[PDB]
């Protein structure tokens, strides 16, 4: 099938697309084909639905009609307001995730979270001292956790002048944010102000609207996401380099396969612990299974990969196909980027679709709500439902298509610095010498409009060939993994300088740094290098790219990378092209304001050319 081949570059995707077609199961690609018309105005950003004087659409007509909304708003305001709410939704996704981590650490500190502990007490004391907890090195760990909880909760209040983790940014970058009015003050406050600004008759200046969009996204990267990353390491362990596998072949015919899906490790970490209890393992053996096999999907799978080495079944557009294998006995979901089509496809088989969060409700799903105080009990119940569903699996409909590909994961900043001997100096020297010319974080998703992982893999190959080290998060993890680029042996596919540095360190040329919230690790690493060198983040030879993005969260990540001084490439444009002024601001105007701008380029080789050109220019301004 030429159509099936055009939808992905992977054999395991192709095999399940054939199977789904033979069984009459429609997938995300089929629904994408139906929605291709949609609305030109929605794509251009020139449709407004923010009050019922409208809806209004801005058109270019010879009679001059429909140039303004009923309230008088023009294309610039309407597009900027739509883009702002788009960003606020992405920031809110990371905000609630970070807030949930605070609640969990507070529950542990109060002794009200059976089965949860502080896995990394050393990191707890370090982070707490960094944020100003008195005597964080010597006081009882639960006292220290409670004080860190109070600081993090205060960043979710309305009385701070600047977020707590913002102190990591170099002084020149904080002074710039202050002059611009971009300093993030409260994680929830910026989201709430954006919704106020975008109400009819509030903020009607596209420049003002975009400035607060930067402030809202900065409250994510230096707030919601960074709190989520650091507290997750404290609760569940700081990642260290380890080996694992990826693709649909990680599912086992002889085992109970449980796929964790969503973003929150607070649930998936306890699911994993439940599968290790003797009575639970006995129920699986009583059912005829050889073992219980947990495999990861999306960001919560990335989290289990970084901290436990749990194999990854696939990324965004693989999620439906994982059920089509016939071996998915249960999907355990929390929230974000869980396509509701999985509920209907699970109904085609024996698969149980289990929801666990009060925020992630899916009509028709089996809801076993998980909170810290009952997670150990509830996650036990959830694994038992998976074992029961295993006994109802139809063996004739099982087809696990591929053999898993080996990967190396767990490259937190702590692991990176340890690999360098404890300081960033060897990394700076390699950059100064030109063996590593720069770094690019590839952090994108999948999008049905782009052949799955074609741009992710091509861009990754292009960059490491040019001695540009790649930092991979999100869906790119599975893409780079299946291409065999996440192992130390892949240095043979990097340039001479990068290959030599990788072989001397024993690391791959592509470092897996975690989930989408773990893009905050990349902010931290950039901030560390800039502070060490005494320059701004906008002076570093760095870049960010999302070749196949789709979600509001990806746009928020791109926005706070740009606002932090990181040139950011997107494979597809956001819904803003209906305003030339907003588009020019995103592509060019922001360069004069924050020292970086967006790039839109669907050709991954041309994308690599543009990212390299920025890296080269920044190398020149550093005198290298």
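Positions refer to the first chain, counted from 1.
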- prompt: Out of 236-244 and 77-85, which stretch has the higher average CA B-factor listed in the record?
  reply: 236-244
task: With reference to the PDB entry, specify whether the mean Cα temperature factor is higher for 415-423 or for 140-148.
output: 415-423
- prompt: When the CA B-factors of 291, 130, 220, 193 are compared as recorded in the entry, which is the largest?
  reply: 291
field: Which of 268, 154, 363, 229 ranks first by CA B-factor in the deposited coordinates
entry: 268
- line: Sorting the chain's modelled residues by C-alpha B-factor and splitting them into thirds places residue 575 in the lowest
- request: Consider only the C-alpha atoms of the modelled residues in this chain, order them by B-factor as the entry records it, and name the third containing residue 390: lowest, middle or highest.
  value: highest
- prompt: Against its chain's modelled residues, does residue 55's Cα B factor rank lowest, middle or highest third?
  reply: middle
- prompt: What third of its chain's C-alpha B-factors does residue 275 belong to: lowest, middle or highest?
  reply: middle
- request: Quick one: classify residue 33 as lowest, middle or highest third of the chain based on its Cα B-factor.
  value: middle
